[PDB]
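S.K.: I'd like to ask you about the structure that follows.
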Amino acid sequence: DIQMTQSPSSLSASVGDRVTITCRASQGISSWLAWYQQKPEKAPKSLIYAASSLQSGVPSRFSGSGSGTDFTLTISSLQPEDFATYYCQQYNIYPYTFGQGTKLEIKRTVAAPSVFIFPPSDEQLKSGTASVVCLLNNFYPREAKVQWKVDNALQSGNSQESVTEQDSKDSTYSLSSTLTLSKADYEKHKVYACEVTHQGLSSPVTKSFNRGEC
Amino acid sequence: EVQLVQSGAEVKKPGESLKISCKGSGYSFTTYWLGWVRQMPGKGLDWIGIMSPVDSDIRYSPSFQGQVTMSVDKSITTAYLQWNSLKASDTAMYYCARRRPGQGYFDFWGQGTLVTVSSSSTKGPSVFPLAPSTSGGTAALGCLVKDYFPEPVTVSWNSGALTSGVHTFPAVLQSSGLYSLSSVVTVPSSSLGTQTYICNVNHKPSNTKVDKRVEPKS
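Keeping their order, the protein sequence lines are chains L and H. In this text, residue positions in the first sequence follow the deposited numbering: the first is 1, and each later residue adds one. With the deposited numbering applied, the second sequence corresponds to residues 1 to 133, 137 to 221, in that order.
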């Protein structure tokens, strides 16, 4: 079967830039190439077929040149919603084949995180566990550092952390750092705090609470 | 108008058989070919094959030749993808898509059917409230969806009425082998007490449907 190799594997570009993904076939495929757009949590959308023809319904800012063995997909004026990974496909010979796709993320100005902390719920504690989650809301870039202190003592690998996909409108991230204990270990200590460091911050901001205080 | 609607996410144990469906409408079913594409978690797209609705004609890729079975039911304009014995390696998202005539690429896509093949027992989540905080500003509140298997779970706020500012984070796999995620929203502190916020958790596999009311503390 014909191997499709896209490149780069991923790239970052500011809004309003022109972006260019390339796609090369191990064998000649004429102009029988298509480009798809896949946004996170979504099914692929068809953009271009026969190398260069725009699919009925897709914005004029998408285009695709190339013939024979080398093809390229272009986005003239990059927009935030264009955050996605793009796949090319050959259909000159069975079996039809895709590339590995390339992730396009949006580059933007720095935005500081908004920090929130939630103590363990009363209900959860009855179930024998206690999870305290720290929320970093709407920040850029992605590189952020969370640190958990309990009774002022630094923590090592007692919290799992999760981050969203770039927001389709503001190219922003959010992440949740969850410190999980047993109700047992939870009762023993008093002060719970998470310290967030970020480029957008002139100095580390920390949100803290004292256990069992209404 | 052209629509490809697929059956719901499947959770199966290895050795079991599986049949997922794709219902076409808004076009002449017999005039267009239908195909399937698998996408394993985090990885790319794999062309499974393509088939005619009208007669026998089918075309599989090598990797899938004799590993799956495509078919169609012209009478209910539905197409199918089918395994005789699932393996854990089969878990992945499966899309059905329509082939544009005179070409070979896919016109329109189904929304996909998540397929999870595993021996780990299904477990329904537990849902706890993340409660917020002269006055005024921004308040954050959410819902902690703990210890469930497998993925996915679903979180809407106020039955879908509350959309913007909502963040449901990617599930995290804990050492217990169970999944945990959190869903949160930011709102004006003004609304705390006046508007009432409810998160709607739905973990299909365990028929778990929980509406949890998140109200301020004390």
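All residues carry an ideal CB built from backbone N, CA and C; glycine is no exception.
(1) For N84/H, which of helix, strand or coil comes out of DSSP?
(2) Considering just the uninterrupted stretch of the beta strand (DSSP E) at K212/H, what are its terminal residues?
(3) Based on DSSP bridge pairs, tell me the residues matched to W160/H.
(4) Could you check the C-alpha separation between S133/H and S12/L for me, to the nearest Å?
(5) Under a three-way DSSP split, which group does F64/H fall into?
(6) Cutting at 7 Å between CB atoms, please list the residues of its own chain near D82/L, excluding the five before and the five after it.
(7) Under 8 Å by Cβ, that's how I've got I50/H and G35/H pegged, so tell me the actual separation to the nearest angstrom.
(8) Could you tell me the distance, in whole angstroms, from the CA atom of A184/L to the CA atom of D46/H?
(9) What number of angstroms, rounded off, separates the C-alpha of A34/L from the C-alpha of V68/H?
(10) Does the beta-carbon of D55/H have 16 or more other beta-carbons within 10 angstroms, so that it is buried, or is it exposed?
(11) What do you get for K169/L, buried or exposed, if any count of 16 or more other CB atoms within 10 angstroms of its CB means buried?
(12) Considering only the alpha carbon of each residue, which of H170/H, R100/H, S209/H and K215/H lies closest to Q55/L?
(13) Could you check where the alpha helix (DSSP H) with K183/L kicks off and where it finishes?
(14) Specify the secondary structure class of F83/L as computed by DSSP and reduced to three states.
(15) What would DSSP say about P208/H, mapped onto helix, strand or coil?
(16) Rounded to whole angstroms, what's the CA-CA distance from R61/L to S77/L? Just pull it up for me.
(17) I want to verify the contact list: residues of chain L whose CB lies under 9 Å from the CB of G110/H, in sequence order.
(18) Label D90/H either buried or exposed according to how many other C-beta atoms from any shown protein chain fall within 10 Å of its C-beta, with 16 as the threshold for buried.
(19) Using the three-state DSSP reduction, which class does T30/H fall into: helix, strand or coil?
(20) Tell me which residue opens and which closes the alpha helix (DSSP H) that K126/L is part of.
(21) Across the stretch 183-199 of chain L and the stretch 20-29 of chain H, are there enough close Cβ pairs to call them in contact, namely three or more that are closer than 8 Å?
(22) Would you mind sorting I48/H into buried or exposed? The rule is 16 or more other CB atoms within 10 Å of its CB.
(23) Using CA coordinates, which residue listed in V190/H, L4/H, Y200/H and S192/H is at the minimum distance from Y94/H?
(24) Do you know how far the Cα of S159/H is from the Cα of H170/H?
(25) Smallest Cα separation from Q6/L: which of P95/L, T69/L and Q155/L?
(26) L195/H to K45/L, Cα distance in whole Å?
(27) Please report the residue range of the beta strand (DSSP E) in which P191/H lies.
(28) If I measure Cβ to Cβ from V127/H and keep anything under 8 Å in the same chain, skipping five residues before and after, which residues do I get?
(29) To the nearest angstrom, how far is it from the Cα of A130/L to the Cα of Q177/H?
(30) Select from the stretch 100-129 of chain H all residues with a C-beta closer than 8 Å to any C-beta belonging to chain L, and list them in chain order.
(31) Rounding to the nearest angstrom, what Cα-Cα distance links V11/H and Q38/L in this structure?
(32) According to DSSP, what are the bridge partners of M70/H?
(33) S121/L: which of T77/H, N84/H and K220/H sits nearest, CA to CA?
(34) Short of 7 Å in beta carbon distance, which residues of its chain neighbour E154/H, apart from the five on each side in sequence? Order them along the chain.
M.R.: Quick look at the numbers:
(1) If you number the second sequence from 1, residue 84/H lands on position 84. Coil.
(2) Residue numbering aside, residue 212/H sits at position 209 when the second sequence is read from its first letter. Here the beta strand (DSSP E) through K212/H covers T211 to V217.
(3) Locating residue 160/H in the second sequence gives position 157, where the first residue counts as 1. Paired residue(s): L165/H and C202/H.
(4) Along the second sequence, read from residue 1 onward, the residue named residue 133/H stands at position 133. Along the first sequence, read from residue 1 onward, the residue named residue 12/L stands at position 12. Their Cα atoms are separated by approximately 37 Å.
(5) Reading the second sequence from its first residue, position 64 is the one you call residue 64/H. Residue state, collapsed to three classes: coil.
(6) Within the first sequence, residue 82/L is the residue found at index 82, counting from 1. Within the same chain, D82/L has close Cβ partners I75 and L104.
(7) Locating residue 50/H in the second sequence gives position 50, counting from the first residue. Locating residue 35/H in the second sequence gives position 35, counting from the first residue. That belief holds up - the Cβ atoms of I50/H and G35/H are roughly 4 Å apart, short of 8 Å.
(8) Locating residue 184/L in the first sequence gives position 184, where the first residue counts as 1. Locating residue 46/H in the second sequence gives position 46, where the first residue counts as 1. Cα-Cα distance, rounded: 48 Å.
(9) By 1-based counting over the first sequence, the position of residue 34/L is 34. By 1-based counting over the second sequence, the position of residue 68/H is 68. When rounded, the distance between both Cα atoms is 25 Å.
(10) As a first step, residue 55/H must be located in the second sequence, where it is residue number 55. Exposed, by the Cβ-count rule.
(11) The residue you call residue 169/L lines up with position 169 of the first sequence. Classification of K169/L: exposed, given that the 10 Å Cβ count is below 16.
(12) What you label residue 55/L is simply residue 55 of the first sequence in a count that begins at 1. Minimum Cα distance to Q55/L is reached at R100/H.
(13) Taking the first sequence and counting its residues from 1, one reaches residue 183/L at position 183. Run containing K183/L: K183 to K188, per the alpha helix (DSSP H) assignment.
(14) Here residue 83/L refers to the residue found at position 83 when the first sequence is read from its first residue. Reduced to three states, the DSSP call for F83/L is coil.
(15) Walking along the second sequence from the start, residue 208/H turns up at place 205. Reduced to three states, the DSSP call for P208/H is helix.
(16) As a first step, residue 61/L is located in the first sequence; it is residue number 61 there, counting from the start. As a first step, residue 77/L is located in the first sequence; it is residue number 77 there, counting from the start. Cα-Cα distance, rounded: 6 Å.
(17) Taking the first residue of the second sequence as position 1, residue 110/H is located at position 110. Per Cβ cutoff of 9 Å: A43.
(18) Counting from one through the second sequence, the residue named residue 90/H turns up at place 90. Burial call: buried.
(19) In the second sequence, counting from the first residue as 1, residue 30/H sits at position 30. Here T30/H sits in helix by DSSP.
(20) Taking the first sequence and counting its residues from 1, one reaches residue 126/L at position 126. First-last of the alpha helix (DSSP H) with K126/L: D122 to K126.
(21) no
(22) In the second sequence, residue 48/H corresponds to position 48, counting from 1. The residue in question, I48/H, is buried, as its Cβ has 16 or more Cβ neighbours within 10 Å.
(23) Indexing the second sequence from 1 puts residue 94/H at position 94. Of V190/H, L4/H, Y200/H and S192/H, the residue nearest in Cα terms is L4/H.
(24) Position 167 of the second sequence, counting from 1, holds the residue named residue 170/H. Position 156 of the second sequence, counting from 1, holds the residue named residue 159/H. Going by the C-alpha atoms only, they are around 10 Å apart.
(25) For the purposes of this step, residue 6/L is identified with residue 6 of the first sequence, where counting begins at 1. Per the Cα distances, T69/L.
(26) Counted from its first residue, the second sequence places residue 195/H at position 192. Counted from its first residue, the first sequence places residue 45/L at position 45. Looking at the two C-alpha atoms, the distance is approximately 40 Å.
(27) Mapped onto the second sequence, residue 191/H falls at position 188. First-last of the beta strand (DSSP E) with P191/H: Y182 to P191.
(28) Residue mapping note: residue 127/H aligns to position 127 of the second sequence, counting from 1. The residues are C146, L147, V148, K149, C202, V204, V213 and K215.
(29) What you label residue 130/L is simply residue 130 of the first sequence in a count that begins at 1. What you label residue 177/H is simply residue 174 of the second sequence in a count that begins at 1. In a straight line, the C-alpha of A130/L is about 14 Å away from that of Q177/H.
(30) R100, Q103, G104, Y105, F106, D107, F108, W109, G110, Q111, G112, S126, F128 and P129
(31) Your numbering for residue 11/H matches position 11 in the second sequence. Your numbering for residue 38/L matches position 38 in the first sequence. Rounded to the nearest angstrom, the two C-alpha atoms are 24 Å apart.
(32) Against the second sequence, residue 70/H aligns to sequence position 70. DSSP lists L81/H as partners of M70/H.
(33) Against the first sequence, residue 121/L aligns to sequence position 121. Ranking the options by Cα distance to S121/L, first place goes to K220/H.
(34) Position 151 of the second sequence holds residue 154/H. Counting only Cβ-Cβ distances below 7 Å, and skipping sequence neighbours, we find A174 and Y182.
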